[PDB]
Amino acid sequence: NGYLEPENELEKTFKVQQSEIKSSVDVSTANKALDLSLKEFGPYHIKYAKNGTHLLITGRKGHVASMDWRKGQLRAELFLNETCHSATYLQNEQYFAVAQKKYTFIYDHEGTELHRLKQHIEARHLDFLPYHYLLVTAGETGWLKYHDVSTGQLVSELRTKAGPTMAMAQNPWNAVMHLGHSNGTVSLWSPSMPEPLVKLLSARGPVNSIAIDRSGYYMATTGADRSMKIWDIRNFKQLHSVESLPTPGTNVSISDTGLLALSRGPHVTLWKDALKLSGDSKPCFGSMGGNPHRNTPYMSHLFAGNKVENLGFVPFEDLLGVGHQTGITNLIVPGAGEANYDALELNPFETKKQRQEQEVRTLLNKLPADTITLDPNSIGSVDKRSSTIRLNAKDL
Amino acid sequence: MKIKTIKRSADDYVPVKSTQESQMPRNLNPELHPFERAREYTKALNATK
Amino acid sequence: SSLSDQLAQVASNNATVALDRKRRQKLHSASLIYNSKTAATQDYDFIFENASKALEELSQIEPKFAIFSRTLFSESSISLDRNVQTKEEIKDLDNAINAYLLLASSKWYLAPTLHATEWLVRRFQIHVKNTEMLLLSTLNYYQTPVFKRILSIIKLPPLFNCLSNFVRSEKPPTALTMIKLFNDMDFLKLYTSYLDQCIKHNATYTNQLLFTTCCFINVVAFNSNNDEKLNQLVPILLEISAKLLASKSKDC
Amino acid sequence: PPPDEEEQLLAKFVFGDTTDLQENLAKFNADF
Amino acid sequence: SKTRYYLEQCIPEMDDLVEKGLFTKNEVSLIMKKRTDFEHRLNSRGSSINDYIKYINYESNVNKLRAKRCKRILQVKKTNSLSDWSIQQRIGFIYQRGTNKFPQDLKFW
Amino acid sequence: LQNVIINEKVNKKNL
RNA sequence: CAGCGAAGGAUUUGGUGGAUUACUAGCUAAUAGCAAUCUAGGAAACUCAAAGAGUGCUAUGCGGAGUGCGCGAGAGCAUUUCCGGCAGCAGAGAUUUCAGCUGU
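Next up, the structure:
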């Protein structure tokens, strides 16, 4: 993995200019740090693919473009007149679902539409559970609903009973969806049982954003109380709680190396070593008198005047795509990526034939919609009843 | 101040000539490969079918 | 601007880096020697070893190439990747390439320099990135199949735009099109810069100077009946006239 | 224990150590 | 892909060769990089005897560097580890693979 | 009131 | 054909710049700091995208010994039995490699 370090006592890691690292880094990554400027349509939600291969931009007015960004390749660029809140890819670059004004639509590789969902009667946040082939939607109505996108079925019409769903986020390790409502409740859900599995109470007021670490072990949340919480998940214990950051945190995103990303409206602030369990690893803003027991943030970047509506890291590169009002920017964050991707599942050099074969392999090995569990290792177990020691018909 | 990023370098991963096979570089991390039990359970279902 | 051209810019930016197998073979298949289905199966060591043989025979017919053996045609050069290293060493790389290109500007009648430069094309990718010095170094041989080949494989710079209907056409570009290439001072200031480097390296010779002088008198001929254009065109032709007299060669 | 010149000439082949090439490339100027 | 099988056949000799102090991991990953490329070019399709020859040449050179850093750092002739026979036995294994795949050329024979 | 509530309806469709 | 008529006339079309609403300066954590820092219609291709079929392509698994057995042997058993140490000797072999001895 890449990294940086001060290697002095004067300069710091956070007051490092993107111009400076774009000068001191190689030409390929300095060329990959793209900055699209799109003005006439609205704020641009950003969704990369599961690998780093493509990019889906949505303007809130009308504008969705699925494009390769490494090579400049227009795949599907369409202005549909109604508003689009968010959108995502499905399993490849070949399909992408856009959450339009009310009806959620899904689209082919070249921009044709394929399904106007009669259900998902509105939508605000989509996600895709990739091993389960489940397109999950939540929004203004209190309905979290799951869609098996392979056979085109519905799976679960889960009633939230908590008003709208302010921010949802997928746990990438046990595939439970963490909704965060207006109550401060971050309730985490599975399509098998209607009652919400586990109702965390993270923040006060509405919860603005949730982001799950890729190891499934930490959950970072921001509320409109100007508060950010780090959560253990496997033990359900509030790790540490940054109170009173000087503006409401709009979005959080955690990279693939445990790297916290907080969007403070016009700011992007990145903390390294913020997902440990100590008291040192609480992310702060100042080393008070030069205190070596703080997390002064790893990097920071103040934008010009534009509200950043969503962060999102690039999977297998050291750069994060942040989406704001007047367009998209990639930010060189040198420790923000798995260098050693595993090419058996997802590959940033994948060609056409292995793309077809990898998707049909996942399509045969799609996990069923029932085994979404709070812990993934509870399938080869025995029942909690029908007691442990077996009896071989001698003492019954 | 020392800065280095990934050096993907596009030569070890895509072959130089059009016949030899590319790498499948590979990380055996349980962090990478998420569902052990459900995935190989469904492979057992597919095998019995 | 719009999205399509806004990322056609980044496509032209990262045209040098191969991102998968199809773009890799469409980039590797450019060659000064072999055609497409032959060139797509070469490896780097093969063209490197026959290029090093071409270089050493070219270095015994001209004693100023062992430096390029030591620093550009070495054995580590087949592992040296261009677009993986920083701007300062890529600046070192392409000024060394420009040194080689003006030095080997003379030898294009003889095939050792073709096999010497083809590995440089195939490895350091001068047919996309370092295109300008290549074109206006080999511009003298414009009736030759080496120039037809190199213009068929080149990506055409914004200056030489009159040649874009001569790519992959069997007709060599004509003298009138060469004059219409030479007929703007945006090109001419470039070409005078190049001739200044040729003077201060003494890489001048009787064929490049003949061709340069013939195109300059044809430019002045086209601008005979344009007084404003001729008065605009004075301080570059007279400038290299005075820089041309500062050298020692009778021909310049 | 000091590193040997012949050992490091072998190491430039074993590791593919192009920093000698980059150093010589930077050091090279048009002196002729 | 049996190239993965060969590539993790060669791990334990470099494991012991790193845990005793003659290489470090920051360069055994480099020789592992070049060994990965060589194995892929070897048991890929459309391969050649020159690929086998360069693999033999590289492995003989890293054997000689192994002996050089063995007598320099450890000041002994050998460290009686697994590596000392391993590197030439896999040279012989490369030779065996090349003769089975290409029994034509008497130069490689 | 408290931090976390974990309800214990064991699921009769992954029994 | 005509006339009009100051060193040309008359058209096609791209790009940029200015308007298309009524002109109080930029940023941020905003009773202040910043502005150097918030830090401690048909046809060309290398135009691309998506499928399909055919042709190929290999698609491709402790050691020298010595010591007693296994019907001239290795296809297994088993090891201190010397070694895979040190310099020299002198027979060789292209400085570094082998052949037999002294001590070790």
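If you read the protein sequences in the order shown, they are chains 5C, 5I, AE, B8, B6 and RQ.
Okay, so the first sequence: first residue is 71 according to the authors' numbering, each after it adds one.
Okay, so the second sequence: first residue is 1 according to the authors' numbering, each after it adds one.
Okay, so the third sequence: first residue is 2 according to the authors' numbering, each after it adds one.
Okay, so the fourth sequence: first residue is 13 according to the authors' numbering, each after it adds one.
Okay, so the fifth sequence: first residue is 2 according to the authors' numbering, each after it adds one.
Okay, so the sixth sequence: first residue is 826 according to the authors' numbering, each after it adds one.
By construction, the Cβ of each residue, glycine as well, lies at the ideal position given by its N, Cα and C atoms.
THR153 (chain 5C) and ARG130 (chain 5C) - do their beta-carbons sit closer together than 7 Å? Numbered from its first residue, the first sequence carries residue 130 (chain 5C) at position 60. Numbered from its first residue, the first sequence carries residue 153 (chain 5C) at position 83. Taking the C-beta atoms as reference points, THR153 (chain 5C) is found nearer than 7 Å to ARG130 (chain 5C).
- Message: Quick check on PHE44 (chain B8): buried or exposed, where buried means 16 or more other Cβ atoms within 10 Å of its Cβ?
- Response: Here residue 44 (chain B8) refers to the residue found at position 32 when the fourth sequence is read from its first residue. It counts as exposed.
| request: Can you say whether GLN426 (chain 5C) is buried or exposed, counting buried as having 16 or more other CB atoms within 10 angstroms of its CB? | output: What you label residue 426 (chain 5C) is simply residue 356 of the first sequence in a count that begins at 1. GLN426 (chain 5C) comes out exposed.
task: State the Cα-Cα distance for the pair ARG284 (chain 5C) and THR118 (chain AE), rounded to the nearest angstrom.
output: The residue you call residue 284 (chain 5C) lines up with position 214 of the first sequence. The residue you call residue 118 (chain AE) lines up with position 117 of the third sequence. The alpha-carbon atoms of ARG284 (chain 5C) and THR118 (chain AE) are separated by roughly 49 Å.
- Message: Please confirm whether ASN447 (chain 5C) has its beta-carbon closer than 7 Å to some beta-carbon of chain 5I.
- Response: Locating residue 447 (chain 5C) in the first sequence gives position 377, counting from the first residue. Cβ-Cβ to chain 5I under 7 Å: yes for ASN447 (chain 5C).
Compute the distance between the beta-carbons of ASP21 (chain AE) and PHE419 (chain 5C), then report whether it is under 7 Å.
-> Against the third sequence, residue 21 (chain AE) aligns to sequence position 20. Against the first sequence, residue 419 (chain 5C) aligns to sequence position 349. Cβ atoms of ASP21 (chain AE) and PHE419 (chain 5C): closer than 7 Å.
Could you tell me if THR327 (chain 5C) is buried or exposed, where buried requires 16 or more neighbouring beta carbons within 10 angstroms of its beta carbon? Counting from one through the first sequence, the residue named residue 327 (chain 5C) turns up at place 257. Counting Cβ neighbours within 10 Å, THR327 (chain 5C) comes out buried, since at least 16 surround it.
Item checked: Uninterrupted beta strand (DSSP E) stretches inside the region 139-188 of chain AE (no shorter than 3 residues) -> none
Excluding the 5 residues flanking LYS108 (chain AE) on each side, which residues of the same chain have their C-beta closer than 6 Å to its C-beta? Stepping through the third sequence from its first residue, residue 108 (chain AE) is reached at position 107. Cβ neighbours of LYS108 (chain AE) beyond the five flanking positions: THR114.
Problem - Cut-off 7 Å between Cβ atoms - residues of its own chain near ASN184 (chain AE), not counting five sequence neighbours on either side - result: By one-based count along the third sequence, residue 184 (chain AE) stands at place 183. Only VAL220, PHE223 meet the Cβ criterion.
Checklist entry - Near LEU245 (chain AE), what residues of its chain come up, given a Cβ to Cβ distance below 6 Å and the 5 sequence neighbours on each side ignored? => result Residue numbering aside, residue 245 (chain AE) sits at position 244 when the third sequence is read from its first letter. Excluding its 5 nearest sequence neighbours in each direction, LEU245 (chain AE) has C-beta neighbours in its own chain below 6 Å: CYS253, listed in chain order.
Which of the three DSSP states, helix, strand or coil, is assigned to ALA208 (chain 5C)? Position 138 of the first sequence, counting from 1, holds the residue named residue 208 (chain 5C). Strand.
Quiz item: Taking all protein chains shown into account, do 16 or more other C-beta atoms lie within 10 angstroms of the C-beta of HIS363 (chain 5C), making it buried, or fewer, making it exposed?
Solution: The residue you call residue 363 (chain 5C) lines up with position 293 of the first sequence. Classification for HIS363 (chain 5C): exposed.
Practice problem: Just the chain RQ side, please: which residues come within less than 9 Å of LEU270 (chain 5C) by C-beta, in chain order? | Solution: Here residue 270 (chain 5C) refers to the residue found at position 200 of the first sequence. Correct list: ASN828, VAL829, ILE830.
Exercise. If I'm right that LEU160 (chain AE) touches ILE237 (chain AE) with Cβ under 8 Å, what's the distance once you round it to whole angstroms?
Key: To locate residue 160 (chain AE), count along the third sequence from 1; it is residue 159. To locate residue 237 (chain AE), count along the third sequence from 1; it is residue 236. Not confirmed; about 15 Å, so no contact.
Discussion item. Helix, strand or coil, according to DSSP, for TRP213 (chain 5C) in the structure here?
Written reply: Taking the first sequence and counting its residues from 1, the one referred to as residue 213 (chain 5C) is at position 143. It is a strand residue.
What ranges does the alpha helix (DSSP H) occupy inside the region 68-139 of chain AE, keeping only unbroken runs of at least 4 residues that lie completely in it? If we require 4 residues or more, the alpha helix (DSSP H) runs fully inside the region 68-139 of chain AE come out as 88-104, 113-125, 132-136.
Task: Residues of the region 97-119 of chain 5C with Cβ closer than 8 Å to any Cβ of chain 5I, in chain order - done: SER98, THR99
**Residues in the region 144-177 of chain 5C having any Cβ partner in chain AE nearer than 8 Å** = Those residues of the region 144-177 of chain 5C that come within reach of chain AE (Cβ to Cβ, closer than 8 Å) are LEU144, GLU147.
CB of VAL26 (chain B8) within 7 Å of CB of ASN64 (chain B6), strictly
As a first step, residue 26 (chain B8) is located in the fourth sequence; it is residue number 14 there, counting from the start. As a first step, residue 64 (chain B6) is located in the fifth sequence; it is residue number 63 there, counting from the start. Not in contact: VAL26 (chain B8) and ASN64 (chain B6) (Cβ atoms no closer than 7 Å).
Q) If we call anything under 7 Å between Cβ atoms a contact, is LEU332 (chain 5C) one with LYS342 (chain 5C)? A) Here residue 332 (chain 5C) corresponds to residue number 262 of the first sequence, with the count starting at 1. Here residue 342 (chain 5C) corresponds to residue number 272 of the first sequence, with the count starting at 1. No, they are not a contact pair.
### Query
Measuring CA to CA, which of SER252 (chain 5C), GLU265 (chain 5C), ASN435 (chain 5C), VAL219 (chain 5C) is closest to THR211 (chain 5C)?
Here residue 211 (chain 5C) refers to the residue found at position 141 when the first sequence is read from its first residue. Among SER252 (chain 5C), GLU265 (chain 5C), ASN435 (chain 5C), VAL219 (chain 5C), the Cα nearest to that of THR211 (chain 5C) belongs to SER252 (chain 5C).
Roughly how many whole angstroms lie between the Cα atoms of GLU429 (chain 5C) and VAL122 (chain AE)? Counted from its first residue, the first sequence places residue 429 (chain 5C) at position 359. Counted from its first residue, the third sequence places residue 122 (chain AE) at position 121. One C-alpha to the other measures close to 38 Å.
- [ ] Measure the beta-carbon distance from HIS116 (chain AE) to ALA204 (chain AE) and round it to whole angstroms, keeping in mind my assumption that it falls under 8 Å.
- [x] Against the third sequence, residue 116 (chain AE) aligns to sequence position 115. Against the third sequence, residue 204 (chain AE) aligns to sequence position 203. Contact doesn't hold; Cβ gap of about 21 Å is too wide.
Exercise. Can you grab the Cα-Cα spacing for the pair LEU184 (chain 5C) / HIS217 (chain 5C), in whole Å?
Key: Sequence index remark: in the first sequence, residue 184 (chain 5C) carries index 114 (1-based). Sequence index remark: in the first sequence, residue 217 (chain 5C) carries index 147 (1-based). Their backbone Cα atoms lie some 15 Å apart in a straight line.
Name the one or two DSSP bridge partners that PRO353 (chain 5C) has. Working through the first sequence from its first residue, we reach residue 353 (chain 5C) at position 283. The partner list for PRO353 (chain 5C) (beta bridge, DSSP) reads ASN365 (chain 5C).
Check your understanding: By Cβ distance below 7 Å, which residues in the same chain neighbour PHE24 (chain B6) in space, the five residues on each side in sequence not counted?
Key -> Position 23 of the fifth sequence, counting from 1, holds the residue named residue 24 (chain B6). Here the set comprises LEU18.
query: Using 7 Å as the limit for Cβ to Cβ distance, is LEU31 (chain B6) near chain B8?
result: Looking up residue 31 (chain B6) in the fifth sequence gives position 30. It does: the Cβ of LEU31 (chain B6) has a partner Cβ on chain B8 nearer than 7 Å.
Identify whether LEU150 (chain 5C) lies in helix, strand or coil by the three-state DSSP scheme. Position 80 of the first sequence, counted from the start, is the residue given in the question as residue 150 (chain 5C). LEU150 (chain 5C): coil per DSSP, three-state reduction.
- Round the Cβ separation of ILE449 (chain 5C) and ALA245 (chain 5C) to the nearest angstrom and send it over; I've been treating them as touching at under 8 Å. Along the first sequence, read from residue 1 onward, the residue named residue 449 (chain 5C) stands at position 379. Along the first sequence, read from residue 1 onward, the residue named residue 245 (chain 5C) stands at position 175. Going by Cβ atoms, the distance from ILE449 (chain 5C) to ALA245 (chain 5C) rounds to 13 Å, so no, they are not a contact pair.
- Can you have a look at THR128 (chain 5C) and say buried or exposed, based on whether 16 or more other CB atoms are within 10 angstroms of its CB? Numbered from 1 along the first sequence, position 58 holds the residue referred to as residue 128 (chain 5C). Counting Cβ neighbours within 10 Å, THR128 (chain 5C) comes out buried, since at least 16 surround it.
- [ ] Quick one: using the 10 Å Cβ neighbour count with 16 as the cut-off for buried, is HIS394 (chain 5C) buried or exposed?
- [x] Here residue 394 (chain 5C) corresponds to residue number 324 of the first sequence, with the count starting at 1. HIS394 (chain 5C) is buried by the Cβ-count criterion.
Next item on the list: Inspect the beta-carbon positions of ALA40 (chain AE) and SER30 (chain AE) and report whether they are closer than 7 Å.
Entry: The residue labelled residue 40 (chain AE) in the question sits at position 39 within the third sequence. The residue labelled residue 30 (chain AE) in the question sits at position 29 within the third sequence. Yes. Within cutoff.
Using a Cβ-Cβ distance under 7 Å, would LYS7 (chain 5I) count as near chain AE?
Taking the first residue of the second sequence as 1, we reach residue 7 (chain 5I) at position 7. So, interface residue.
Q | Closest Cα partner of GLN170 (chain 5C) within the set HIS195 (chain 5C), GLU180 (chain 5C), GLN164 (chain 5C) | A | Translated into positions along the first sequence, residue 170 (chain 5C) becomes position 100. Nearest option by C-alpha distance: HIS195 (chain 5C).
Given that a residue counts as buried once 16 or more other Cβ atoms are within 10 Å of its Cβ, and exposed if not, what is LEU433 (chain 5C)? Working through the first sequence from its first residue, we reach residue 433 (chain 5C) at position 363. Burial state of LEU433 (chain 5C) is exposed, judged by a 10 Å Cβ sphere holding fewer than 16 other Cβ atoms.
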